[PDB]
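Shown below, as structure tokens, is a lone chain in the form deposited in one PDB entry; questions about how it binds or moves come after it.
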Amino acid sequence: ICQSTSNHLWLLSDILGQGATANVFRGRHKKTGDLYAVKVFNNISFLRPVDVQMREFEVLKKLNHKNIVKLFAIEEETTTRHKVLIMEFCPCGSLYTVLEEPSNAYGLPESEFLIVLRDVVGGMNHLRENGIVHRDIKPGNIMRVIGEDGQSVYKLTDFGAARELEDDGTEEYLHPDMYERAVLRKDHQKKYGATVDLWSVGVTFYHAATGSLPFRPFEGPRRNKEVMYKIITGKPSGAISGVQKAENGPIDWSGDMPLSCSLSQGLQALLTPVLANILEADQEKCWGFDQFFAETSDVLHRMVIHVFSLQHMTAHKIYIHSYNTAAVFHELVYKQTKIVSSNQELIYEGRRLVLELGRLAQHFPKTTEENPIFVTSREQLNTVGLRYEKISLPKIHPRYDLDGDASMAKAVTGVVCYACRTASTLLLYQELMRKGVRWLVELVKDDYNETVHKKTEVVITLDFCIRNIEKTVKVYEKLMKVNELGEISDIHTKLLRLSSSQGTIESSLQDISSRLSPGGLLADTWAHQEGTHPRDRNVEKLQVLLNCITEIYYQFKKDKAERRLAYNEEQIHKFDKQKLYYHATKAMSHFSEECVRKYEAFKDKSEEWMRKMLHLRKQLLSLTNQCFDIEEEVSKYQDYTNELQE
């Protein structure tokens, strides 16, 4: 069973999109065999001239742009005559298809979210500048295409079909108040048009960022309308999300992102205010489109520099502009870590880092997330570590229900996947911790060696001075025998008084030099015993279990679609259900007993090591300052005044 045109051909079985106004099928150009999406209008929309066809064709083909699905043609069906739209086929699906993946159950990965933001905002931009104001922007109509470079590109669709065929040929039979409802309708094209798009886009962005809707009531929005109404109409400015727990009561109120959202703190700091200003239900303080575009563009233009706070054990993505100086950079690092500029000490690839007070970000060293700018303070702070949400497995209902079981397996797969991500991140913090510690130790040893250089550099001076006055006085009171003998003796005595202090400094320096050996207390051997290693393979164990669970889930999706099963298929379904329970339970057990425990052990020992290290650092600095004071003092007696002679 197939339909066709003069150029294209498609099967009815191969549906892609479904709407009570038109259908989307995947068909081919029969001259080339190329895949295209065809929009066959569900009849009705005819006995209408072909010049509206050509004008709308010209204005829709003018919409030839990235982030917008390309329109190829408007053709007639062979037998049924009704019009079809030849447009670009997006094989990967839409944004909704992506968000339905359990790996994205708690929001998209950060890079992908940046991609989504960029492409959607671009599409809106090109749409508004061409006269078209979108009304409904949702993940359902945000298509996805894999670019030549590998990374995805999102395209807006379903915008030209602004056909008003709803109402309730009832035009010449409706009460004047239905016309008044139509008046209440046409008051949206005033200013309630280019700003509602902002609302829907805000909701879409929250859904993509967190993996869940911003405003949730009982069990679902459509499943409980009357409360949803007040939830939406009630929220004040600054608010982001309002969630209703329990089976009734009020709500919970947040102007921040959910804990389960893994978007970096910086991007989140850039994303919260725009969402708050975009989800407002009045005039002025709802943000006009232009400023929203300037804002989003501002965010999307910034480059990212990865830094790692080694005192809090926390990773950071700083969103700096491509022209901003190092000052604002330090202010951002402070803003996320609460360590102020002059306290910030930086390390890159085993060596120190110093930023000129006006160095641009273009010329900054290139950092991945596994090779960042390690940062530390000079004072004593507390370790913070990863802040995730302790999500627990959903109760796997002992029953038999294909739909419910499919949904259940979806939820479980999502949770276990989140556990996998969290485990990986914990391992990352651990590894970066080890690397940064090794580097920091080997970087303190440098300051030690330099200090010793300075010290001996002054000790040869003391030596030559004392030796010199000894010589000169010896030859003086040998040649002239008598004399002043009691005058220079004080210079000698105070030089010795300096040499003693030098000895003390030598001793203490020896002490710290012993503590930076192996064996001693300030070695990095706790980092080899505590925590989890790559060779432990915990992440890939969780990955195996997650693979089993995922397979079972896909299977339950397939079973759900089949509506009901054969005898054996049913028994297999049950078996695999309990098997899924065991897999998930084992995975979570291994995540808690093996991945988190040792993580926190490593963490605590890292804090207790950080204290000692910082302490010894301060001691070293003190001794260095002492050496400098000695050098300052000895620089006097190099040239002194002798008595005037006749």
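In this text, rigid core is short for the largest set of C-alphas that superpose within 1.5 Å between two forms. Quick note: we count residues from 1 along the sequence shown, nothing fancier.
In this entry, residue 168 is separated from residue 169 by 4 to 9 residues of the deposited sequence that have no coordinates. Per the record, residue 483 and residue 484 are separated by 4 to 9 deposited residues that have no coordinates. Mean CA B-factor, 580 to 588 versus 611 to 619: the higher value falls on 611 to 619. Higher mean CA temperature factor between 156 to 164 and 394 to 402: 156 to 164, per the PDB entry. Across 194, 99, 201, 315, the greatest Cα temperature factor reported in the deposited entry is at 194. Which of 73, 509, 488, 373 has the largest Cα B-factor in the deposited entry comes down to 488. Ranked within its chain, residue 11 lands in the lowest third, by CA B factor from the PDB record.
In the deposited entry, the Cα temperature factor of residue 604 sits in the middle third of values across the chain's modelled residues. Placement of the Cα temperature factor of residue 281 within the chain: highest third of the modelled residues, per the deposited record. Residue 353: CA B factor lies in the middle third for its chain, per the PDB record. The deposited CA B-factor of residue 51 belongs to the highest third of values across its chain.
What comes next is about the form solved in complex with a partner chain, which does not appear here.
Out of the listed residues 611, 61, 31, 597, 31 is the one that sits within 4.5 Å of the partner chain in the deposited complex by at least one heavy atom. This chain appears without its partner; in the deposited complex, the one residue of 326, 71, 145, 572 with a heavy atom within 4.5 Å of the partner chain is 572. Annotated contact segment (heavy atom within 4.5 Å of the partner chain in the deposited complex): 23 to 31, selected among 23 to 31, 51 to 59, 603 to 611, 616 to 624. Though the partner is left out of this view, residue 398 does reach within 4.5 Å of the partner chain in the deposited complex, counting heavy atoms only. In the deposited complex, residue 577 approaches the partner chain with a heavy atom inside 4.5 Å. With a 4.5 Å cutoff on heavy atoms, residue 568 counts as touching the partner chain in the deposited complex. Not displayed here, the partner chain is kept clear of residue 16 by more than 4.5 Å at the level of heavy atoms in the deposited complex. When the two forms are overlaid on the rigid core, CA displacement between this form and the one not shown of 2 Å or more is confined, within 548, 491, 227, 353, to 491.
With the core held fixed between this form and the one not shown, residue 182 has its Cα displaced by at least 2 Å. A movement of the C-alpha atom of residue 147 falling short of 2 angstroms is seen between this form and the one not shown when the two forms are aligned on their rigid core. After superposition on the rigid core, the Cα atom of residue 91 is displaced by less than 2 Å between this form and the one not shown. Annotation: residue 121/residue 189 CA-CA distance longer in the deposited complex than in the displayed model, change of at least 3 Å. Compared with the form shown here, the Cα atoms of residue 47 and residue 136 move at least 3 Å closer together in the deposited complex.
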